[PDB]
Structures are given as C-alpha cells and as structure tokens.
Amino acid sequence: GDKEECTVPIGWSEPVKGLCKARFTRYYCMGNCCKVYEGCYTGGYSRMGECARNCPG
C-alpha cells in the first residue's frame, strides 16, 4: 500500500478558498500532477484527463 502523493512544489501557491456549490469543476497542472481548484485560472483545462495527459504526472 503506497502512501506518497503529488502536491504543488515551491514557486506557486494553492487556493485557500473552496466552492463545491458549482455544477462543474476545474483541474490545472502545477509541476507534474493537476489538483482541484475553483476559478478561471487563465482558462487552462476543463477535464482531469487533459490536465494529466498534457503533463508528466
């Protein structure tokens, strides 16, 4: 049972806010993986598959 994960590395800053009330969700690649965020962060990607396949994670 592996216990490691991937998180935003030094340079960027994750959103302290959250809003699960929306009828959609957005996912953006930081270094390797793409965490869940709630805003129009320069458009980016609209599928978890896209933010994964366009990145090394």
# chains A, B, ... in the order shown; residues from 1 in each chain; ligands from 1

call {"tool": "residues_around", "arguments": {"residues": "residue 14 of chain A", "least_positions_apart": "3", "cutoff": "12 Å", "atoms": "only C-alpha atoms", "output": "ChimeraX atom specification"}}
result
/A:7-11,17-18,27-30,34-39,41

call {"tool": "select_by_dssp", "arguments": {"residues": "chain A", "states": "alpha helix (DSSP H)", "output": "number ranges by chain"}}
result
A: 48-53

call {"tool": "closest_residue", "arguments": {"among": "A:33, A:22, A:16, A:40", "to": "residue 53 of chain A", "atoms": "only C-alpha atoms"}}
result
A:33

call {"tool": "atom_distance", "arguments": {"atom1": "atom CA of residue 54 of chain A", "atom2": "atom CA of residue 20 of chain A"}}
result
25.3 Å

call {"tool": "atom_distance", "arguments": {"atom1": "atom CA of residue 3 of chain A", "atom2": "atom CA of residue 19 of chain A"}}
result
27.3 Å

call {"tool": "atom_distance", "arguments": {"atom1": "atom CA of residue 56 of chain A", "atom2": "atom CA of residue 1 of chain A"}}
result
22.5 Å

call {"tool": "select_by_dssp", "arguments": {"residues": "chain A", "states": "strand (DSSP E)", "output": "JSON, numbers by chain"}}
result
{"A": [26, 27, 28, 29, 34, 35, 36, 37]}

call {"tool": "write_last_selection", "arguments": {"atoms": "C-alpha atoms", "output": "short mmCIF file (atom, residue, chain, number, x, y, z; two decimals), in the first residue's frame"}}
result
data_model
loop_
_atom_site.label_atom_id
_atom_site.label_comp_id
_atom_site.auth_asym_id
_atom_site.auth_seq_id
_atom_site.Cartn_x
_atom_site.Cartn_y
_atom_site.Cartn_z
CA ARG A 26 -11.67 22.59 -12.92
CA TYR A 27 -8.21 20.92 -12.83
CA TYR A 28 -4.80 22.56 -13.60
CA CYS A 29 -1.27 21.05 -13.85
CA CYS A 34 -3.18 18.52 -11.56
CA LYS A 35 -5.01 19.41 -8.30
CA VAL A 36 -8.63 20.64 -8.00
CA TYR A 37 -9.22 24.43 -7.97
#

call {"tool": "closest_residue", "arguments": {"among": "A:31, A:46, A:25, A:57", "to": "residue 12 of chain A", "atoms": "only C-alpha atoms"}}
result
A:31
